[PDB]
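In what follows, every heavy atom counts, from backbone to side chain, and hydrogens, waters and symmetry copies are set aside. In each ligand, atom 1 is the first atom listed, and ligand 1 is the first ligand listed. Quick note on labels: first sequence line is chain A, next is B, and so on, each numbered from 1.
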Amino acid sequence: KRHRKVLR
Amino acid sequence: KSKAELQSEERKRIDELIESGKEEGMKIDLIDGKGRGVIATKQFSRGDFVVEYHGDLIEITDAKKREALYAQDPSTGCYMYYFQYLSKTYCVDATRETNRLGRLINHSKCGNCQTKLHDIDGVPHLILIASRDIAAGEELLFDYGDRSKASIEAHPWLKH
Ligand SMILES: Nc1ncnc2c1ncn2[C@@H]1O[C@H](CSCC[C@H](N)C(=O)O)[C@@H](O)[C@H]1O
């Protein structure tokens with residue numbers, strides 16, 4: 001139910 | 001100027017914006033379907049520093065601890081920004097409400113800002129750089145980078 005932010 | 005000179009000058013400019021925490025040329029607005037967003041109040045040029053993604057810099061043990069807690073309170077949103085630095089996982093946890101703007105920027109895979117890792121003396125910072133000229137009045141947007149099926153099922157706006 002939660003998303004992240006991820007560096008790409 | 002040489003490449004080394006221009007790079008050195010850029011580094012100095014960026015270090016100084018990170019120090020001041022100055023967040024000029026932006027304001028908060030409500031954007032249909034997204035909640036709050038951040039809009040430009042001036043034109044930004046390609047390559048400009050926009051804002052730091054500012055929050056609590058933490059390592060993995062604490063990040064995992066906090067995730068497990070946040071999942072229990074659904075009024076808590078999703079403000080954790082993971083990255084790798086020197087073979088370790090770090091996270092800028094911007095969950096706490098502050099006056100800082102980076103944490104309010106919405107998602108697009110075709111946005112106008114690009115997140116970069118900027119190291120000052122071995123301390124990593126996440127910064128947003130304009131990926132193209134940004135018009136006055138337009139919403140700042142960057143790619144959140146979560147492509148996972150579990151996330152997109154629940155947050156289909158991640159898909160675009
Ligand atoms: N493209 C998009 N479409 C719909 N909602 C979005 C979006 N990008 C970001 N969001 C929303 O913003 C959250 C990330 S925090 C970004 C600031 C937030 N809009 C706020 O008002 O506090 C997401 O979990 C989602 O609720």
Side-chain angles (χ1 to χ4, degrees), chain A residues 2-8, chain B residues 17-18 20-44 46 48-60 62-85 89-118 124-160:
Chain A
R2 290 175 54 80
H3 70 83
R4 289 186 183 118
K5 302 169 190 183
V6 183
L7 185 64
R8 306 176 85 103
Chain B
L17 284 158
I18 291 168
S20 63
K22 183 178 88 208
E23 291 188 353
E24 300 177 355
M26 294 173 282
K27 67 183 190 194
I28 301 170
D29 198 0
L30 294 185
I31 300 295
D32 193 9
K34 311 187 194 175
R36 297 167 294 182
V38 183
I39 73 173
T41 62
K42 71 178 190 180
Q43 187 157 312
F44 290 76
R46 188 171 178 181
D48 284 355
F49 179 97
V50 175
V51 66
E52 182 175 8
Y53 193 85
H54 194 273
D56 296 343
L57 177 66
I58 63 184
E59 53 65 68
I60 188 157
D62 200 18
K64 291 215 231 179
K65 183 179 199 315
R66 293 184 185 192
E67 290 262 33
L69 287 166
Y70 297 152
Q72 296 166 52
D73 183 5
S75 73
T76 312
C78 300
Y79 299 87
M80 305 186 83
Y81 205 150
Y82 290 89
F83 65 104
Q84 268 69 60
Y85 175 63
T89 299
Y90 293 86
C91 180
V92 181
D93 182 4
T95 302
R96 189 174 80 78
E97 290 288 313
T98 69
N99 294 341
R100 304 300 290 264
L101 294 182
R103 66 185 291 275
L104 296 182
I105 297 176
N106 291 316
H107 171 80
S108 175
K109 298 182 176 188
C110 303
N112 47 35
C113 292
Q114 172 62 53
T115 308
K116 307 280 197 173
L117 185 293
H118 185 80
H125 296 263
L126 297 177
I127 64 174
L128 279 62
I129 301 301
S131 63
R132 54 168 176 81
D133 292 353
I134 305 179
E138 88 166 280
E139 188 183 12
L140 299 179
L141 295 166
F142 73 97
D143 182 358
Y144 285 7
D146 190 348
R147 298 193 179 158
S148 68
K149 180 75 185 315
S151 289
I152 69 182
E153 296 191 294
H155 306 280
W157 49 265
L158 280 169
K159 294 193 280 208
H160 326 284

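- A salt bridge between A:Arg8 and B:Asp143 is absent, with no side-chain N of the basic residue lying under 4.0 Å from a carboxylate O of the acidic one.
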Report the C-alpha separation of B:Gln84 and B:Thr89 in whole Å, then their side-chain angles, then the decisive distance to 0.1 Å, and conclude whether the side chain to side chain donor-acceptor pair (under 3.5 Å) test is met.
CA-CA 5 Å; B:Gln84 268 69 60; B:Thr89 299; 3.1 Å; yes

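- Less than 4.0 angstrom separates some heavy atom of B:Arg103 from each of these atoms of ligand 1: 15 (S), 16 (C), 17 (C).
- The distance from the CE atom of B:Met26 to the CG atom of B:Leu101 is 5.0 Å, given to the nearest 0.5 Å.
- Under the 4.0 angstrom criterion for non-hydrogen atoms, B:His155 is not in contact with ligand 1.
- A donor-acceptor pair shorter than 3.5 Å can be found between the side chains of B:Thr115 and B:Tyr81.
- By the 4.0 Å heavy-atom criterion, B:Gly33 is counted among the residues contacting ligand 1.
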Begin from the C-alpha positions of B:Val51 and B:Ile105 and carry the test side-chain contact (heavy atoms from CB on, under 4.5 Å) through to its verdict.
CA-CA 10 Å; B:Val51 66; B:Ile105 297 176; 3.8 Å; yes

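- Taking only non-hydrogen atoms, the option from A:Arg2, A:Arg4, B:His107 nearest to atom 1 (N) of ligand 1 is B:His107.
- Considering both main-chain and side-chain atoms, B:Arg36 comes within under 3.5 Å of ligand 1 through a nitrogen or oxygen pair.
- For atom 26 (O) of ligand 1, the nearest protein heavy atom lies 4.0 Å or farther away.
- With ligand atoms numbered from 1 in the order given, ligand 1 contributes 16 (C), 17 (C), 22 (O) to contacts under 4.0 Å with heavy atoms of B:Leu104.
- Listed by chain and number, the residues in a salt bridge (charged side-chain N to carboxylate O under 4.0 Å, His left out) with B:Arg96 amount to none (sequence neighbours excluded).
- Using a 4.0 Å cut-off between heavy atoms, A:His3 contacts ligand 1 through its side chain alone, with no backbone atom that close.
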